[PDB]
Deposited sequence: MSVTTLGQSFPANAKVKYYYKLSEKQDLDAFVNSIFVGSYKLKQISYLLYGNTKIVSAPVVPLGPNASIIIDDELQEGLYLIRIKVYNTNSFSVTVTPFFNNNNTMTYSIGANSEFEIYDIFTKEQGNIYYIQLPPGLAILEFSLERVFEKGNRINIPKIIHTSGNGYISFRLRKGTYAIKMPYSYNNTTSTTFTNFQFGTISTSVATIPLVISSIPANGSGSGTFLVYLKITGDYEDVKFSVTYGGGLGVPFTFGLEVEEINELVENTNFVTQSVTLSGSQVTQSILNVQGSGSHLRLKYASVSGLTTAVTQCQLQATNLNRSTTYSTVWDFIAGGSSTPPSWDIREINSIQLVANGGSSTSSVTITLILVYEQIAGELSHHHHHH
């Protein structure tokens, strides 16, 4: 199955394979297998574009393999191809660690293969190309330069497994995945987990309900705050290869400015009767967002209350909550300079009252919910 290939020539970041000098370099550097040069024609707004391009001949798949020392960074790869066959063919994009998800390329048509490649730690780009595909252009470009984003249309097919990985430098990002599915089973799912997005922090991609035998479409939209100390992002399809619910999805990854999703004044009562109570106020871990606390106050405090502490943490960093305000020691409301950032869970720990005489206290809290899942540390 393996073949030998000559690889002496310097790699280019762009090839138009209908140019002789680009083709000559391509097949002495990153192309594996043989090719036949053919005249290729396809329609553009009713006009017929005609080029001579290399076509993969009958036999084993060809490959493109790049181990050269490209400039490090995250590349969007675009391969312009034309399927000369009268039947569909499939391609399995690299996506750094995919080997199951596919593109379906229709008979007698031009098609854009999108791929993603992180050049770090000697990573080697690899993709196989089936017989009858003409290769017209091959493009390597770094994304997140000059304000570009990853924007892959809804063409990625999965049947329950697959991976896409990419490195993100510091910043906050939106990851958007338009999808369509076709449920072929008689099973009704509720809270169907399609997949997860994670750094070393995990965000589940969940659909409220997928009706039996139904088809539908929607969009996943989540946000990651990349502090910068954990840059490798991993998307995994988790619902399981044999389920019978094929999805087709797109992938958009783009830098955003701060997004305050909402700001809220909230109130929570706690009744104390002799025992310590730990009351969750808010937990947005795994949601694609985090919190910022601006103000807190507790009413109903009496000498019968022995403990009343507001605690918070970044659960992706630590499961141990730290006290951010002590209403007994510090007073019934937070001072003007009090501002709690980079947390995603808040609880109130209180104690007091008796088994015969309970005390009810009321916490009020003003907080912002801000886009971006917090990373591990």
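Stretches of the deposited sequence lacking C-alpha coordinates, numbered from 1: 1 to 5, 206, 384 to 387.
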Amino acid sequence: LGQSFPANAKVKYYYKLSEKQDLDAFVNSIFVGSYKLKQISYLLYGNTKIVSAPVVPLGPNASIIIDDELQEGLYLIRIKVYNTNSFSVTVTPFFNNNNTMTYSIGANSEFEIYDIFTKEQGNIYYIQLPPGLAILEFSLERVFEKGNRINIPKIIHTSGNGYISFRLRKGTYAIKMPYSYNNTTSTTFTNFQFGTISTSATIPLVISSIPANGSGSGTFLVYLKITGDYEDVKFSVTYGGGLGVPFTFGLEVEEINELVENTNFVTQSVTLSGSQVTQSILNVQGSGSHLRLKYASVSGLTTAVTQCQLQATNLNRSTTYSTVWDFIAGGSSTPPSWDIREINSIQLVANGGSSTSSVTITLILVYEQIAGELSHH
From here on, numbers count along this sequence of modelled residues.
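The mean Cα B-factor in the deposited entry runs higher for 355 to 363 than for the other of 355 to 363 and 21 to 29.
Judged by mean Cα B factor in the deposited record, 189 to 197 ranks above the other of 189 to 197 and 174 to 182. If you compare the C-alpha temperature factors of 218, 162, 241, 204 in the entry, 241 comes out highest. Within the listed group 73, 288, 93, 274, the record reports its top CA B-factor for 274.
Per the PDB record, residue ranking by Cα B-factor puts residue 372 in the middle third of the chain. In the deposited entry, the Cα temperature factor of residue 65 sits in the bottom third of values across the chain's modelled residues. In this PDB entry, the Cα temperature factor of residue 49 sits in the bottom third of its chain's modelled residues, the lowest group. Residue 4: CA B factor lies in the middle third for its chain, per the PDB record.
Among the modelled residues of its chain, residue 282 has a C-alpha B-factor that falls in the highest third according to the deposited record.
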